[PDB]
Structures are given as structure tokens and as C-alpha cells.
Amino acid sequence: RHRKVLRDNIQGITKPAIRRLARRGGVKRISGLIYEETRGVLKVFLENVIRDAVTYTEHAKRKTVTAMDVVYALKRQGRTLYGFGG
Amino acid sequence: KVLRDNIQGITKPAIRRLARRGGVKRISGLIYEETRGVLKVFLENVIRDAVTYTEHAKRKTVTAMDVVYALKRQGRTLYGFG
Amino acid sequence: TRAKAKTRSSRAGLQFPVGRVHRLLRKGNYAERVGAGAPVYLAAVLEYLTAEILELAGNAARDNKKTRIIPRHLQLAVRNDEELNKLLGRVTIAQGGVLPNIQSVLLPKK
Amino acid sequence: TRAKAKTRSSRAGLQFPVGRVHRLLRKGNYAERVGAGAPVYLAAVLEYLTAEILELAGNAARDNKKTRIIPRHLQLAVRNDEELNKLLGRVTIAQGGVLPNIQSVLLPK
Amino acid sequence: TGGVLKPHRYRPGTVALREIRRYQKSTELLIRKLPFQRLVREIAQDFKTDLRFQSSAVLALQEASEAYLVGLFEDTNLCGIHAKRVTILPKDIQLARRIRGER
Amino acid sequence: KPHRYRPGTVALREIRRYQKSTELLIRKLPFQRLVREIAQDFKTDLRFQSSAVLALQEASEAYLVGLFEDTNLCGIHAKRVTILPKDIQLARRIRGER
Amino acid sequence: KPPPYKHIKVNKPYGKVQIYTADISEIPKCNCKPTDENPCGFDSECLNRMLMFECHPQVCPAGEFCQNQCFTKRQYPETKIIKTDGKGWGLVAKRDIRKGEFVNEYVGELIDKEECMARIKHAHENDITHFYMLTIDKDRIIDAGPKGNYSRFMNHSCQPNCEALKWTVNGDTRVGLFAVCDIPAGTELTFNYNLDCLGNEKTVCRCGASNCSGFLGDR
Amino acid sequence: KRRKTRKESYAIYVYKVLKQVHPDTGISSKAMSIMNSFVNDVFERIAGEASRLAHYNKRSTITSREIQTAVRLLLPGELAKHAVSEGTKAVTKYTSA
Amino acid sequence: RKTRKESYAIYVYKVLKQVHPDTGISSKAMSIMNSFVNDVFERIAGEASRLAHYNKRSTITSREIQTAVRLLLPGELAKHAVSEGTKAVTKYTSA
DNA sequence: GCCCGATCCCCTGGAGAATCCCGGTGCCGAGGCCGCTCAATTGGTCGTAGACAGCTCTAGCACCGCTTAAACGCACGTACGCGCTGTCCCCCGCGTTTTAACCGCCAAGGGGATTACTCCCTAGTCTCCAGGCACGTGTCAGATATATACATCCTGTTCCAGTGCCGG
DNA sequence: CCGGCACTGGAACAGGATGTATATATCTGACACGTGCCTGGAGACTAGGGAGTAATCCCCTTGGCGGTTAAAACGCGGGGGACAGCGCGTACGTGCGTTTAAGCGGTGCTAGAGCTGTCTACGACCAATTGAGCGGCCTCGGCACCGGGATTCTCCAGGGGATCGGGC
Ligand SMILES: C[S@@+](CC[C@H](N)C(=O)[O-])C[C@H]1O[C@@H](n2cnc3c(N)ncnc32)[C@H](O)[C@@H]1O
Ligand SMILES: [Zn+2]
Ligand SMILES: [Zn+2]
Ligand SMILES: [Zn+2]
């Protein structure tokens with residue numbers, strides 16, 4: 017049960033990392049309070065998908081989240097993802 | 018009998034009323050030529066599928082379930098007709 | 004048969020047809036074999052979600068000194084609870100009208 | 017058997033497996049009784065729809081002066097066609113990047 | 015000689031705040047039924063000729079076209095306010111539809 | 002005077018280099034440390050397959066990269082060039098996600 | 107010496123004319139609450155104070171607290187009859203009223219437009235010089251002849267301290283002169299007005315202001 | 145009249161579940177059809193979702209366990225927590241008697 | 016041991032060599048075209064289903080697989096694919 | 001000095017005025033009551049789909065060391081928010097006059113639902129045999145790493161463009 | 001009273017220093033075949049019912065006409081909200097030096113996913129008998145609307161008393 021408790025790993029999505037995703041989208045100049053709402057937008061997308069992946073796993077009586085449960089959970093919300101089999 | 022010009026039946030106050038039910042206070046002078054262009058294509062993408070469903074069953078009359086199905090195809094569900 | 008007929012809806016204590024749900028599950032092309040405790044789990048859910056709407060329709064109908072439900076009360080009942088509103092997002096109810104609201108900057112100022 | 021097997025996908029002049037599309041329709045619970053002109057009709061459409069998304073990816077590969085088709089070519093071949101961009105509206109393709117585009121108001125004055 | 019007096023008029027912006035509070039409470043229909051019923055028959059002569067309709071079918075489209083327009087005129091207003099204005103210009107409908115996904 | 006490129010051109014000189022690559026733009030270990038911590042509330046002591054972590058990074062990045070292109074139209078509507086935190090909310094609200 | 111004028115509390119029809127009341131089924135509801143010093147007051151906002159609706163004593167959620175019940179509670183000053191010069195008995199207040207205060211409501215006899223033409227062409231030509239006509243709507247004309255109030259007892263000007271507004275109550279229109287500022291006692295009470303004669307002018311505008319030259323017929 | 149064919153609906157169960165919550169109110173002919181479509185629309189979602197859970201795992205039976213997951217996927221936060229109890233109780237009440 | 020895993024690879028590769036003789040295609044792209052076909056297939060079948068069930072029948076036929084195309088494919092694909100299919104269905108029987 | 005014939009603040013018979021409320025009339029819309037028929041219940045046989053106690057072996061988690069790209073601050077100066085004022089023309093509130101939606105009728109027939117009868121297109125069982133899936137080996141298309149060869153952006157030094165404001 | 005010794009703003013363009021393609025080598029790991037063999041497609045016949053098909057009844061979609069009045073069209077005014085310009089300073093971009101985890105080779109270990117055989121409990125199938133459920137028929141019968149006589153409140157009213165200008 018090596019479950020060494022964790023704390024505040026959201027601050028790993030650093031500043032230049034977010035700036036790169038920004039630049040790819042086509043923005044020329046960025047404010048200074050976006051780096052505190054992008055995290056709050058990401059940490060809500062991830063839950064609606066991970067909860068469904070874990071539910072799809074439990075029903076099959078397994079213990080390893082595979083790479084098809086994520087594809088199913090994503091196809092569930094109209095966000096189909098080609099590439100990883102299915 | 019042939020027809021024409023009938024898009025001019027959506028008069029000016031008929032758009033002002035739908036606006037007020039929306040919640041807008043002032044209204045410019047060119048919305049009245051832009052809304053009759055938004056309304057005239059939403060109708061085709063539905064009448065085409067209604068006519069298709071009717072054409073499939075060999076009928077000659079657009080019944081009231083074909084429209085419900087044509088609107089259900091595009092995520093615009095309708096409650097209270099069937 | 005020989006003895007008296009006790010309808011399958013009565014044993015469990017429901018009000019929805021556990022006899023009729025089974026036939027619809029069997030003639031809808033959903034699988035090849037249908038279990039035996041499927042309709043009993045399925046009807047006890049279609050009952051709760053109708054209680055939950057008629058309750059609020061009554062609670063928002065007595066607030067006008069009337070004793071009869073009309074389509075307007077149904078929408079006023081559903082557009083105010085943030086779970087029925089999420090389960091019923093893309094749905095249009097006929098003869099329902101809109102909710103009352105005006106923005107905060109269009110109110111005439113002093 | 018008396019004669020020799022004359023496979024069904026060669027009677028019609030197709031490439032996709034009619035013997036497989038039929039069984040797939042049957043053992044998937046879409047209806048009870050499956051007709052006999054269904055698989056022939058469906059395999060032909062499946063063949064036509066894939067005989068075009070390659071005909072554009074090939075033409076897009078010859079502009080990098082390469083020979084092997086990779087994911088990026090498929091995205092650049094799809095986001096530039098007004099009908100495939102409407103049929104594949106809500107679909108994401110891995111390893112595909114974005115389509116090169118920049119605004120008009122941001123360029124230096 | 016023998017004249018008549020007249021009171022003031024309403025300062026612009028009150029007969030337009032009454033209509034809102036009046037229309038967001040009723041449930042009637044807001045377009046003339048025969049003018050709308052002729053447009054439906056004029057459009058549908060391009061797909062198949064000589065087809066008839068059902069009295070309760072020609073009234074199934076009117077309960078959706080308007081619930082569409084009313085929901086669009088609610089997202090035009092948020093942009094028109096975003097730009098620090100009160101009026102709604104044509105260059106807002108296009109932004110709304112563009113973000114939403116139609117064009 | 003180290004030749005001092007005039008402010009506002011280095012950005013326009015990489016907007017057009019990040020629109021031709023195909024790599025991913027977040028660090029792999031700091032991403033895989035976040036997933037294993039969000040999913041600790043729902044079920045206990047899980048184990049992730051190695052090809053189901055690389056299957057979430059693409060969804061997340063393809064979501065953010067397509068949200069910023071819709072943020073960058075409001076800031077132009079309001080006659081600005083710098084996006085602010087009172088814009089993201091408008092795009093989400095108009096989409097229908099909140 | 108005031109001439110004989112009949113007194114009456116509220117309006118009245120004068121023949122074919124008829125008023126229309128309103129039930130409690132569509133009367134516009136307020137949104138305030140019986141919370142603080144001014145429940146549906148003047149300062150504290152009220153969606154009926156703003157849009158020129160006078161609340162009903164029952165539809166209000168507060169009940170017996172809505173101060174916006176005026177055209178019924180009949181709140182006035184006393185303002186004993188004063189005498190002016192060149193006009194008649196122009197009147198002076200005897201309070202220290204603030205701004206946004208109510209003054210007497212103009213109530214008289216309500217007559218059809220066609221009917222009015224007759225009732226003035228009967229008397230005008232016989233040298234009576236009737237000058238009390240004020241239009242509210244097509245087919246509505248309030249006349250200050252047979253009956254009236256302290257409302258007929260007013261005086262035109264060009265630089266006044268009060269004006270003529272137009273409210274609607276119980277489904278029907280109203281007319282109430284208001285206080286535009288905080289005017290104390292010892293001050294003349296008058297309101298300017300616009301008109302449109304059918305004949306000709308008979309007196310240059312004469313008020314006592316600086317730019318009050320005007321006429322009777324011009325703005 | 146050829147004694148026209150019959151038509152089936154939920155109109156005498158919707159009306160029963162009303163009197164156990166409001167023993168005084170009535171319902172209108174035009175606000176009945178809405179609840180009719182409501183039930184005939186929430187039936188398909190819960191059936192079809194289990195019809196694919198039972199296929200991803202190579203089975204051919206719709207047990208009383210697929211319906212307990214289709215609900216956990218379809219319904220929101222606090223709604224999907226009472227329907228589960230309703231179901232798991234009205235089956236224990238049936239398996240004994 | 017490693018029972019099998021069917022796919023459409025050996026058929027996509029056969030189609031490619033009729034429109035581009037000297038051209039190859041890598042694994043990451045084969046594994047995308049596979050899912051593309053395996054996705055369009057179920058959208059086209061899962062509506063002939065509902066048509067057959069609305070009109071109260073029990074058989075899927077070409078009259079269904081046509082009407083299931085005019086509703087899915089938009090524009091000009093719906094006018095070319097329909098012309099394509101009714102060639103194979105015609106030639107097949109006449110043999 | 002003491003007293004009279006009308007004449008202004010009060011007073012209640014006629015009336016009068018709307019008008020809470022007791023009490024006639026008429027509803028179209030729901031609410032309870034009998035023939036009627038067919039889907040749901042019960043009682044039995046059967047042949048599979050699925051639970052389960054072993055059993056092999058692939059791969060997801062944990063440790064360690066090491067060389068180097070990427071995150072982290074820190075100072076400056078500039079290009080862009082933001083707030084304010086003055087001109088103005090465009091969208092709102094009214095009065096008259098014109099028009100064609102609506103309710104309510106009569107009249108003729110296209111085509112939508114049913115129903116009884118006969119053929120022909122699929123589900124289904126055996127044998128029979130070849131297209132396709134995993135394994136194992138060969139070699140070439142494309143990803144580095146240098147070395148030029150330019151093409152893009154930024155700034156100081158003359159030249160027009162009229163000249164500072166002095167004047168006699 | 002505008003122009004003339006020197007005088008002050010806008011314009012022009014090479015020239016530097018950096019970043020971005022060119023062409024050579026070079027080399028490696030994955031793409032494209034060949035090989036065996038086991039499933040799964042294919043070829044013929046037999047037996048049962050779903051759909052093509054012809055004939056019938058009658059519901060309900062068009063077509064036309066007349067009167068009413070609620071709504072649409074047009075022109076006058078006249079005040080308020082959109083767009084342009086200016087000025088002040090706060091905040092994000094650029095480059096350079098310094099500190100810290102991502103990343104690449106391994107190596108060890110075992111936890112859990114995939115297979116194989118036995119075998120019992122369970123849902124499809126079928127025949128028989130009877131009670132729930134839809135269609136139609138009446139009734140009531142709580143809800144809108146007027147008589148309608150009179151019931152707290154309010155006048156019009158001509159007159160009952162308080163009052164005076166001289167009267168005697
Ligand atoms: C309604 S009467 C009021 C009479 C008197 N003020 C009173 O209180 O009884 C107003 C009179 O003032 C006159 N008037 C109005 N405006 C006037 C003016 N500007 N110059 C002279 N007389 C005027 C009118 O002719 C009218 O006869
Ligand atoms: Zn209030
Ligand atoms: Zn009030
Ligand atoms: Zn004057």
C-alpha cells in the first residue's frame with residue numbers, strides 16, 4: 017500500500033508551458049492573471065473524464081485502467097478520438 | 018398556383034416582439050435584413066429531412082411525426098406532439 | 004393455471020407496469036437474452052423521476068391560487084432546479100415561454 | 017463441393033469483404049432478418065469513401081517531396097475540404113497539429 | 015382660440031421597458047399564422063412537387079423556429095454588452111454563430 | 002546596445018514556428034503526477050496502463066488549443082489585442098459549458 | 107371671490123364615455139420586500155416607481171407598506187387660496203416640500219373628441235372664453251367645467267417649478283402634477299404647458315420671467 | 145365506425161402517482177402528453193446504454209447489474225444517489241415474497 | 016496465445032495502389048484509417064435500424080441503406096455514393 | 001335709550017350612489033360507469049451461457065547514476081490600457097389612414113387506413129476447401145550534424161521642406 | 001511686412017548583424033515479403049411466414065365568400081447614445097546570469113491479466129384459462145356571468161337659529 021500522500025501537484029503546469037499552448041493558438045500579447053484561471057479550467061475537464069473511466073473499469077471487475085476505457089469515456093461526451101484503437 | 022416574395026411576411030414588429038421577449042432594449046436598422054437570412058436556412062435543413070422521411074414510406078402528405086423525427090436528428094428534441 | 008393471479012407489479016410494491024416493461028425490453032432488439040430482475044430495477048426508477056417532477060409542479064402551481072396544472076408550470080418547475088435543468092438541457096417544451104429576467108445595466112439610473 | 021469457389025466480392029467487382037460485412041451486420045443486433053442486397057450496397061460505399069481521403073493525402077505528400085504518408089498529411093488533407101470538414105466536424109486526429117492561420121489585425125503596422 | 019393642453023411624453027426608454035415585462039410573462043404566438051403558413055409551402059416546392067400538409071404538422075415548425083430565434087437574441091445581447099454598448103449591431107450575430115459552431 | 006529587436010516581433014516570430022511542429026508541449030512526468038492524484042478520490046490503489054496516459058494528453062491539449070482560438074476573437078471584438086480573464090468566461094458561457 | 111365650481115374626488119364619465127377597471131389577474135407585480143425604512147419607497151428602487159406604475163394595495167408582497175399608493179391615499183398640502191395679479195387667484199404653497207413630491211391630480215369631466223368640439227362651439231361663441239381642455243388619448247378629453255378639483259385652479263407660465271406627467275393605475279391613465287425641486291412656502295405655484303389652438307392667438311405669453319416673451323401658440 | 149384499433153400509453157399510471165403526492169390537484173389534457181413523451185424518452189437512454197455495456201464485454205444478457213451502471217452514468221450528482229437505493233430496495237422486497 | 020485481431024489493413028493497402036502506384040503508408044496512419052472506417056460503418060447501420068423499426072418492419076434492405084445515406088452524407092458525396100452503390104447491386108444479381 | 005324684518009353658519013327628509021353580497025343561468029371541460037377482448041399469469045421440460053479452482057508469463061512499478069536542456073529571477077523602457085470632452089445624426093414616441101388576418105359557413109373528392117389471399121425470399125444443416133493471420137529475415141527512406149549563402153529587420157547621416165522670427 | 005544669415009522638423013537608404021535554407025555525408029530501425037496452417041466462408045437442399053398486392057370504406061385536406069376590427073404602413077419631431085481624438089502612466093516584453101528537476105541507460109520482482117475444463121442453475125418455448133385496460137355515455141357540477149334589492153356612506157335640500165341697520 018505504498019500510497020505516500022500527495023499535496024499541490026497542480027502547480028506543475030508552469031508558466032512557459034501555458035504560454036506555448038497560447039502561442040500555438042495564435043495570440044500576440046497575454047495578460048498576467050490568465051495563469052491562475054487556466055489551471056482552474058483544466059482541473060475541471062480532467063474529472064468528468066477520469067470518473068467515467070474508473071466507472072467503466074469497475075463494472076468489469078479489474079484493477080488496471082486500460083486505453084480503451086478512456087476512448088469510450090471520451091466518445092461518451094461527443095469528443096471522439098482517432099488513433100489509439102477501437 | 019406559383020408563389021414568390023413571401024419572405025416579406027415576417028414584418029418589422031414581428032421581429033421587434035421576438036427581440037423584446039429576448040431582452041434587448043435598442044435595435045439597429047439593419048437587423049431586419051439579417052434575421053430573414055438566418056431564418057430561411059434553418060427551415061431548409063428541416064423540411065428536406067421531413068420530405069425524405071415521407072418519401073420513404075410512399076405517402077404524399079407530411080404528417081406530424083416526420084417533423085419530430087427530423088428535429089430529433091439534430092439535437093433539437095421537441096416535447097408534446099407525439 | 005389453478006390458483007389466483009397476483010400481478011407481478013403488486014409483489015414488489017410499485018405502480019408502473021412490470022409486465023409491460025418486460026415485453027418492450029424483449030421486442031426492441033437490445034440483446035439476445037433478457038434477465039429476470041431487469042424490469043423490476045427499471046420501473047422503480049421511472050417512478051421516482053415522475054414523482055420528482057409532479058411534486059415541484061404542484062408546489063409552484065399553488066403559488067398562483069390555482070388547482071390545475073398547465074404546461075407553463077412544468078417549465079417553471081424544471082428551469083429552476085440545477086439537476087433537472089442539466090438532465091434536460093437540449094429539450095424544448097411547447098407553450099412554455101421564458102423565465103423572467105432583465106440585465107443589470109439596462110435599468111434606468113438616477 | 018462440385019465446382020470451385022467463386023468468391024462473392026468478385027462477382028460485384030469490389031475490394032472490401034462482402035463475406036465479412038454480412039456476418040458483422042448479423043451478429044451485432046441491428047435487426048432480426050437481414051436482406052441480401054445490403055452487404056453488397058454497404059461495402060461499395062465503404063470503398064468509395066476511403067478511395068478519396070487518400071487521393072488528397074497523396075497530393076499533399078508530394079509537396080514535402082516525400083513518399084510515406086504520416087498523420088499530419090491527413091489533417092492537412094481534411095481541414096482543407098468543405099465537405100469532409102462538415103462530415104468530420106467533432107473528431108480529433110492524433111499527432112495532427114493545427115492548420116496554419118494568423119489574423120489580419122495583428123500584423124505589424 | 016379655444017385650444018387644448020397636452021401633458022409630457024415618455025422619456026425614451028419606458029415604453030420599451032414595459033414591453034419586456036409584458037412579453038416575458040405570456041405564452042401566445044408572435045407571428046401571423048397565414049403569412050407563416052405560406053412561406054413553408056413556398057420553400058418546399060424545390061424538393062418534391064405537389065405535396066400536402068397536416069394542420070397539426072404546419073404548427074410543429076412554428077413552435078421551434080421561435081424557440082430558436084429567442085435563444086439567439088439572448089446571446090447577441092451578451093456580446094453587445096461586452097463591447098460597452100446598449101445597441102445590437104449585425105456584427106454581433108455573426109460572432110455569436112461563429113463561436114457557437116454554425117458558420 | 003545588443004541590437005534590441007523592437008518589442009512585439011519575437012512573439013510573431015514564434016507564432017509561426019509553433020504552427021508547423023507536431024510535438025506535445027507539456028512535461029511528461031509533471032503531467033503523469035497530476036492524473037494519479039486526481040483519481041485518488043474515486044477508487045483506491047489503482048494502476049494505470051502505460052498507453053492510457055499518452056491518451057489523455059492529446060485530449061487536454063487539443064481542448065486548450067481550441068479554447069484559446071475562441072478567446073482570441075472576443076479581445077478583438079472589444080477593440081483590444083491583449084486577452085484578459087474576463088474573456089474566457091464569455092466564450093464558455095456562449096458555448097454552453099457553464 | 108371664487109365663482110361657483112362643483113367639487114368631486116375622482117374622475118367620472120359624462121355620457122357615452124366609460125372607464126375600465128382592472129382585476130387582480132394581470133396587475134404587474136413588484137419585486138421589493140418589506141425589509142427597510144422605505145418598502146417600495148422613493149429612493150430604494152422599485153420596478154413600479156421606475157416604469158410609472160402605481161402599486162395596488164394587495165398585489166404587493168409587503169402588503170400594508172408600499173408608499174407608492176398615492177392617487178388613492180390622496181396626500182396633499184392645504185395651500186389656502188392666494189390671489190395673483192393679471193390672472194386671478196394664483197396660489198402660494200405653505201409647506202417646505204422636497205423634490206419628487208406629489209401635487210394635486212387633474213380631475214375633471216371626460217368627453218369624446220367629437221363631443222368636445224360641440225361643447226366648446228356651443229359656449230365659446232357666446233363670450234364665455236372656455237380655456238380648460240387637456241388631451242390624454244384619442245377619444246379622451248378631460249374637461250374642467252361642470253365639475254373639478256383644486257386642479258382646475260392652476261396657472262400657465264414659462265419658467266415653472268412643477269410639470270405635468272402621466273401615470274397609469276388599475277389599467278387606466280392618470281395625470282398628476284409633481285414637485286421637480288424642493289420649493290418652500292411663500293412661493294407661487296405654476297406649471298408651463300404646450301398647446302395647439304384651433305383658432306388664433308389672443309395673448310402674448312406673459313409670465314414674469316426673463317425669456318418668457320413667447321405667445322399663446324408658440325413654444 | 146369499425147371500432148378502431150387500440151392505443152396504449154402511461155395515462156393511468158401518471159395519474160395514480162399524482163394522488164399520493166397532491167390529493168387535491170388535477171391535470172390537463174395538454175400537460176399529460178408532455179409527461180407521456182418524457183417517460184417514452186427517458187426509457188431509451190437507460191436501455192441503450194446497457195445494450196452497449198453488455199457488448200463491450202462479450203456477453204448476451206441484460207442483468208440487474210447493467211441498469212445499476214447505466215444510471216450511474218446518466219444521472220447527475222444527487223439524483224443518481226437515490227434512484228440506486230430505490231432500485232436495490234424494490235428488488236429485495238420482491239426476491240423474498 | 017494471441018488469438019487474432021482482425022482489421023481492414025490489407026484492403027486499404029490494396030485500394031491505395033490504384034490511385035498512387037509508388038507510395039507507402041506508415042503504421043500510425045494505417046491505425047487511423049482503420050478506426051475511420053470502423054466508425055462510419057456503425058453510423059450507417061444504426062439508422063437503417065431505426066427506420067426499419069419506425070415503419071414497423073423487420074428486414075434491412077437496399078431501400079433502407081439508400082435512405083440511410085441521404086441523411087448522413089452532406090452535399091455532393093450523397094449524389095456520387097448513391098450513383099456508385101446501385102452499380103454493384105445491379106451487376107451482382109445479373110450473374 | 002330698547003326693539004324688528006329679513007339674512008348667513010348649521011341641520012337632516014329626499015335621494016342617491018355604487019356595490020359587499022345573496023342569488024339566478026349556462027358551460028365546454030373534465031369525471032365516474034358498463035360491454036368487450038387479448039395480453040399477462042401459471043405450470044413444465046431442456047439445453048445451453050456463465051461461475052470457478054488452477055496455471056502459465058508479460059509488464060507496470062521501484063531503485064540508481066549522470067550529463068545538460070529548460071525553468072527562474074532581475075532590471076529597463078516602451079507600446080498599449082484607460083478616462084474624458086465635444087460634435088452630431090439616428091432610433092424612439094404619436095396621429096391618420098389604409099389593408100387583409102379571422103371567424104364562421106357550404107361543398108366536392110383525394111387518398112389514408114384496413115383486410116383477405118397466395119408466392120417467394122431468408123433462417124437453417126452438412127461437407128468441403130482456400131483467403132488471411134502470426135513469424136522471421138533483409139535493406140533503404142528519412143533523421144541528424146556541418147558548412148556556407150543568403151534574406152529580413154533595425155538605425156544613423158545626409159538632403160528636401162519650408163524657416164526662427166527680426167525688420168526698417 | 002514677407003524673406004533671408006543660418007534654422008528647425010520630416011524623408012531616404014545603404015550597411016550591419018542576426019536568423020533561415022541550401023547541399024553532403026551517414027547510418028540506423030522499421031516497412032514490405034514469404035512461409036504454414038487453421039479456422040470460416042462457400043455450395044446445395046428443405047420447410048415456414050413476412051411482405052407484395054388487389055379491393056373497399058370514409059376521414060379530412062382544399063376551395064370559395066362575407067363582415068369586423070385588431071394590426072401594419074407612413075410622416076413629424078427632437079433629444080440621447082455611438083465614434084473620434086488626447087493625454088497620462090501602469091504593466092508586459094526582451095535579454096542575461098544562476099539554480100534545479102526532466103530525461104536516458106540499465107536492473108530486479110512480482111502482481112495481475114489471459115487460458116482451459118467441469119458442470120450446475122437458469123431463461124426460452126408452449127399450452128391453457130381469465131381478469132386488467134381502452135372506447136363510449138352519461139351525468140353532475142364547480143366555475144364565469146347578471147338581477148337585484150338595500151346596505152354604510154355620501155350628498156342636495158329648504159329651512160331652524162345667530163345676527164344686524166337703524167326703527168320708535
Ligand atoms: C386656469 S385660469 C386660472 C385663474 C386664476 N389664476 C385662478 O387661480 O383662479 C388661468 C388664466 O390665466 C391666463 N393665462 C395663462 N397664461 C397666460 C400668460 N402667459 N399671460 C397672461 N395670461 C395668461 C389664461 O387666459 C387663463 O384665463
Ligand atoms: Zn417596490
Ligand atoms: Zn407595491
Ligand atoms: Zn411669459
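In order, the protein sequences belong to chains A, B, C, D, E, F, G, H and I.
If you count by the numbering used here, then the first sequence holds residues 17 to 102, one letter each, in order.
If you count by the numbering used here, then the second sequence holds residues 18 to 99, one letter each, in order.
If you count by the numbering used here, then the third sequence holds residues 4 to 113, one letter each, in order.
If you count by the numbering used here, then the fourth sequence holds residues 17 to 125, one letter each, in order.
If you count by the numbering used here, then the fifth sequence holds residues 15 to 117, one letter each, in order.
If you count by the numbering used here, then the sixth sequence holds residues 2 to 99, one letter each, in order.
If you count by the numbering used here, then the seventh sequence holds residues 107 to 325, one letter each, in order.
If you count by the numbering used here, then the eighth sequence holds residues 145 to 241, one letter each, in order.
If you count by the numbering used here, then the ninth sequence holds residues 16 to 110, one letter each, in order.
Think of the CB as a built atom: it goes at the ideal place given N, C-alpha and C, for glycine as much as any other residue.
Query, Result
"Per-residue burial, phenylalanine 321 of chain G [other beta carbons within 10 Å of its own, 16 or more giving buried]", "exposed"
"Segment contact, 8 angstroms Cβ cut-off, at least three pairs: the region 64-83 of chain F with the region 27-38 of chain B", "no"
"Residue(s) in a DSSP beta bridge with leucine 216 of chain G", "G:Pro119, G:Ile248"
"Segment limits, beta strand (DSSP E) that includes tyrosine 96 of chain B", "94-96"
"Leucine 197 of chain G Cβ short of 7 angstroms to ligand 1 heavy atom set", "yes"
"Within chain E, the residues that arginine 75 of chain C reaches when beta carbons sit closer than 9 angstroms", "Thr41"
"Beta-bridge pairing of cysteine 268 of chain G - partner residues as DSSP gives them", "G:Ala285"
"Nearest-angstrom Cα separation, counted from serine 77 of chain I out to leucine 109 of chain E", "43 angstroms"
"Contacts around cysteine 93 of chain E, its chain only, beta-carbon distance under 7 angstroms, and the 5 residues preceding and following it disregarded", "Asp106, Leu109, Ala110"
"7 angstroms Cβ cut-off: residues of chain I touching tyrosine 98 of chain A", "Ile47, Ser50, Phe51"
"Exposure label - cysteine 166 of chain G; buried when at least 16 CB within 10 Å", "buried"
"Cβ-based burial, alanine 53 of chain F [other Cβ within 10 Å; buried from 16]", "buried"
"Touch test, the region 218-237 of chain H against the region 46-53 of chain C, Cβ-Cβ under 8 angstroms, three pairs minimum", "yes"
"Chain C residues whose Cβ lies nearer than 8 angstroms to that of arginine 93 of chain B", "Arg93, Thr95"
"Reduced DSSP secondary structure (H/G/I, E/B, other) of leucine 19 of chain E", "strand"
"Reduced DSSP category for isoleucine 125 of chain G - H, G, I as helix; E, B as strand; rest coil", "coil"
"Heavy atom of ligand 4 within 7 angstroms of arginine 325 of chain G beta-carbon", "no"
"Under 8 angstroms between C-beta atoms of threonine 279 of chain G and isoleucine 242 of chain G", "yes"
"Neighbourhood of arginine 90 of chain B by C-beta, 8 angstroms cutoff - its chain only, sequence neighbours within 5 removed", "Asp66"
"Candidates A:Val81, A:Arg35, A:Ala76, A:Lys77: closest to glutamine 41 of chain F by CA position", "A:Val81"
"Outcome for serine 181 of chain H when other beta-carbon atoms lying within 10 angstroms are tallied against a minimum of 16", "buried"
"Within chain H, the residues that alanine 76 of chain A reaches when beta carbons sit closer than 8 angstroms", "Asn201"
"Spatial distance of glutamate 222 of chain H from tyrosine 96 of chain B (CA atoms)", "25 angstroms"
"CA-to-CA distance, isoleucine 130 of chain G to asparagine 67 of chain C, given in whole angstroms", "11 angstroms"
"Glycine 192 of chain G Cβ short of 7 angstroms to ligand 4 heavy atom set", "no"
"Coarse secondary structure for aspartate 202 of chain G, derived from DSSP in three states", "coil"
"Contact test: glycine 277 of chain G Cβ vs ligand 4 heavy atom, cutoff 7 angstroms", "no"
"Pocket of ligand 3 defined by Cβ to heavy atom distance under 5 angstroms", "G:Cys136, G:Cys146, G:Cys161, G:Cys166, G:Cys172"
"contact_flag[the region 216-226 of chain G, the region 104-112 of chain D] where n(CB pairs < 8 angstroms) is 3 or more", "no"
"Residues bridged to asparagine 300 of chain G (per DSSP)", "E:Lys20"
"Among H:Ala198, H:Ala214, H:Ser195, nearest to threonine 71 of chain A - alpha-carbon criterion", "H:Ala214"
"Limits of the beta strand (DSSP E) - the one that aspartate 243 of chain G falls within", "239-243"
"Chain A residues whose Cβ lies nearer than 8 angstroms to that of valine 66 of chain F", "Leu37, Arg40, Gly41"
"Bounding residues of the alpha helix (DSSP H) (the contiguous stretch that carries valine 94 of chain D)", "87-94"
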